[PDB]
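A lone chain, given as structure tokens: the form deposited in one PDB entry.
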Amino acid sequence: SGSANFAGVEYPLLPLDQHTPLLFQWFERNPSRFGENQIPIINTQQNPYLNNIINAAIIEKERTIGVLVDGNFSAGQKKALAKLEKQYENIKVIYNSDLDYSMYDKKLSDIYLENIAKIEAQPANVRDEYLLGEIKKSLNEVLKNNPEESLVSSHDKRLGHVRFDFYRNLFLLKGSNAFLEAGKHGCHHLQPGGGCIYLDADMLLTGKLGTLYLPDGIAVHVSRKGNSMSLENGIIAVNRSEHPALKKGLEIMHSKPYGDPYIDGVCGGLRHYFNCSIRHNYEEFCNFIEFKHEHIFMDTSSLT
């Protein structure tokens, strides 16, 4: 279609056809909270995430709906997830452990040594001696306890959103391919190397999305609270696998000693790719990259 503008560089609007799969994510830290034979996805009045996922499947009947799950689920809870796959044809439950992320991994000792040499290749006047000391202390901890600790194995041990955001970016790098790697059958219109549209489980679909047009085939959620705006990872849409914006975000985490999956893997990758530097208008970049669709009621866990 048309084009989109950021400062003086112009970007073609690439399509995300109506068969681009949707992606929901639920990593359950305490599966025993649910019934032994109950679908282990939160479904309260407060947080009706399972209902929001099913309702998206009912609206997008011919579009594949991926549900990336993880957790120490009981045997009866995994059969409940299989029954969910039966009732709703387009829902594809993908276990995060069933995917191979090793091609995006890097050893922590390599990252630390690279940064120790780089910080030490500077004179005493520009040396960040506090950062230098912390990196050697992180490296010392790895060599003493887990010398083969990697970005994946380290994030696999973390508690909280930092672990969800980490695997979320890697899945989106795989894109549609992740469904074929997990062996999900009957996706029909899924193309190898195709895109994906991640949504937070509190983002409710009210109508069909149709075909989207995003600058270079990528757009993310822009949250507005009070009078502020911010890039967010509650929605990430890509038209192809290994999108260079998400690849650059992972590249930042391969070069930073303590890279964050959200701030560096998403916000850093987008701003580096589209050249949203210190000199640029952060608000202008948000309007240019924002994921807009009136058929999505965004962020309803902020009270709705």
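The term rigid core refers to the maximal set of C-alpha atoms that superpose within 1.5 Å between the two forms. One-based numbering along the sequence shown.
Remark: stretch with higher mean C-alpha B factor among 127 to 135 and 215 to 223 is 127 to 135. Just going by the entry, 273 to 281 versus 244 to 252 on mean CA temperature factor gives the higher value to 273 to 281. Looking only at 64, 46, 239, 55, the residue with the top Cα B factor in the deposited structure is 46.
As recorded in the PDB entry, 119 shows the highest C-alpha B-factor of the residues 162, 119, 197, 151. Per-chain ranking of the deposited C-alpha B factor places residue 11 in the highest third. Among the modelled residues of its chain, residue 80 has a C-alpha B-factor that falls in the highest third according to the deposited record. Remark: residue 17 belongs to the middle third of its chain, ranked by C-alpha B-factor as recorded.
Sort the modelled residues of the chain by CA B factor and residue 158 lands in the highest third.
In the PDB entry, a CA B factor belonging to the middle third of its chain's modelled residues is recorded for residue 70.
Keep in mind that the form deposited in another entry is missing from the display, and what follows is about it.
For the listed set 122, 206, 228, 72, the sole C-alpha moving 2 Å or more between the shown form and the other one on a rigid core superposition is that of 122.
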